[PDB]
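Structural overview for review
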Amino acid sequence: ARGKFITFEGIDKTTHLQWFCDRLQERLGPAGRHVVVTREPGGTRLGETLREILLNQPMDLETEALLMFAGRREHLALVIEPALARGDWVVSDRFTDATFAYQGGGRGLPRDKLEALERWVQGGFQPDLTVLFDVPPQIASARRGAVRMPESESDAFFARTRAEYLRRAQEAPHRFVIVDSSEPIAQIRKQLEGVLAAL
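Quick look at the structure, then. (Residues numbered from 1 in each chain as written, not as in the entry; some residues may be left out. Heavy atoms only, no water. Residues with missing side-chain atoms left out of burial classes, pairs and counts.)

**A word on the overall build of the protein chain**
Along the protein chain, the regular secondary structure elements total seven helices and five strands. When the elements of the protein chain are put in sequence order from the N terminus, they spell out β-α-β-α-α-β-α-α-β-α-β-α. In terms of overall dimensions, the protein chain is globule-like: its C-alpha atoms have a radius of gyration of 17 Å, near the 16 Å expected for 199 residues. Taking the principal axes of the C-alpha coordinates as reference, the protein chain spans close to 50 × 45 × 30 Å. (Helix = DSSP H or I, 4+ residues; strand = E, 2+ residues; numbered from the N terminus. Rg over C-alpha atoms; globule rule 2.2 N^0.38 Å.)

Right, here's the structure in full:
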């Protein structure tokens with residue numbers, strides 16, 4: 001049987017990813033399987049190269065999107081799909097949701113252009129699970145005692161990016177687990193233990 005593909009998303013995440021992967025390998029080891037941990041951008045040597053071009057060569061926003069999805073296509077061909085095919089599970093730090101969030105929400109790339117490239121690269125393939133570490137403007141475990149006062153361009157960009165991640169999450173109810181990353185570590189870890197027990 002094929003492995004499962006899990007992605008981690010969010011603006012902020014790293015701490016919890018390493019821990020989650022250690023727990024997952026502990027669960028997969030008995031079943032004779034392994035976790036391949038990876039990331040985007042830079043999930044392949046080609047992806048590293050395209051990332052450097054994106055950092056260094058100004059270009060049209062649509063051109064940037066094509067290069068991102070090129071990197072993703074190679075990430076699938078070289079790392080993810082071979083792992084899943086041999087029964088290994090994959091955990092990626094970011095995937096297509098991140099492209100929607102930052103390029104669509106943040107930078108204004110139209111949703112239909114983004115969905116067209118997602119379909120081109122993935123067909124109907126989606127991650128089996130996406131854990132989104134949301135960074136909300138208030139803390140629910142302190143709401144009556146702490147209030148962030150209710151934007152500049154940088155603020156507006158991050159607000160749109162957050163909002164697009166949440167839109168993607170709401171649209172994909174069978175795929176997403178939203179974690180409120182403002183909660184105590186022990187609460188986040190209990191929620192993630194529940195995910196691990198459910199996989």
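**What about the layout of surface pockets?**
There is about 550 Å³ of room inside the largest pocket. Considering the residues around the largest pocket, the lining is formed by 22 residues, among which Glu-40, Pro-41, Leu-54, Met-68 and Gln-103 are closest to the centre. Elements that contribute at least two residues to the lining of the largest pocket include exactly α2 (45-56), α3 (61-85) and α4 (96-106). The greatest single-element share of the lining of the largest pocket, amounting to six residues, is contributed by α3. (1 Å grid on protein atoms, 1.4 Å probe; cavity = no way out; pocket = protein on both sides within 12 Å on 5 of 7 lines; lining within 4 Å. Points joined across faces, edges and corners; volume = space filled by probe spheres on them.)

**A look at the packing of α4 against helix α5 (residues 111-122)**
At a closest axis distance of 11 Å, the pairing of α4 and α5 adopts a crossing angle of 160°. Relative to α5, α4 is oriented roughly antiparallel. Pair α4 / α5 crosses with right-handed handedness. In this structure, α4 contributes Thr-96, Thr-99, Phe-100 and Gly-104 to the contact, and α5 contributes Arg-111, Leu-114, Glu-115, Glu-118 and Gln-122. Broken down by class, the residue content of the contact of α4 with α5 amounts to two nonpolar, four polar and three charged. (Axes fitted to C-alpha atoms, helices over the stretch in contact; angles between N-to-C directions. Parallel < 35°, antiparallel > 145°, perpendicular 65-115°, else oblique. Left-handed = near helix turned anticlockwise from the far one by under 90°. Contact = heavy atoms within 4.5 Å. Nonpolar A, V, L, I, M, F, W, Y, C, P; charged D, E, K, R; others polar.)

**Here we look at the side chain of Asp-88**
Inspection of the secondary structure puts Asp-88 in the loop between α3 and β3 (89-93). There is a polar contact of 2.8 Å between the side chain of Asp-88 and the side chain of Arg-86. Once residues within four sequence positions are removed from consideration, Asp-88 is found in contact with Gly-3, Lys-4, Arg-33, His-34, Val-36 and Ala-83. (Polar contact = N/O pair within 3.5 Å; in protein donor to acceptor, adjacent residues only side chain to side chain.)

**With respect to the packing of aromatic side chains**
Within this structure, the stated rule accounts for seven aromatic pairs. Aromatic side chains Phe-5 and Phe-95 sit 5.0 Å apart centroid to centroid with 90° between the ring planes, which places their arrangement in the edge-to-face category. Residue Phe-5 is classed as buried on the basis of its relative accessible area of 0%. On the basis of relative accessible area, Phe-95 is assigned to the buried category, the value being 2%. An aromatic cluster is present here, built from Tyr-102, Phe-157, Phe-158 and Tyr-165 joined pairwise through their rings. Here the basic side chain of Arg-72 rests over the ring of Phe-95, its NZ or CZ set 5.1 Å away from the ring centre. Positioned above the aromatic ring of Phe-100 is the side chain of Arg-168, whose terminal nitrogen or guanidinium carbon lies 3.7 Å from the ring centre. (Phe/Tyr/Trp six-rings, centres within 6.5 Å; stacked < 30°, edge-to-face > 60°. Buried < 20%, exposed > 50% of the residue type's maximum accessible area, 1.4 Å probe, protein only. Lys NZ or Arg CZ within 6 Å of the ring centre and 35° of its normal.)

Such coordinate-based values are descriptive only and should not be taken to indicate function.
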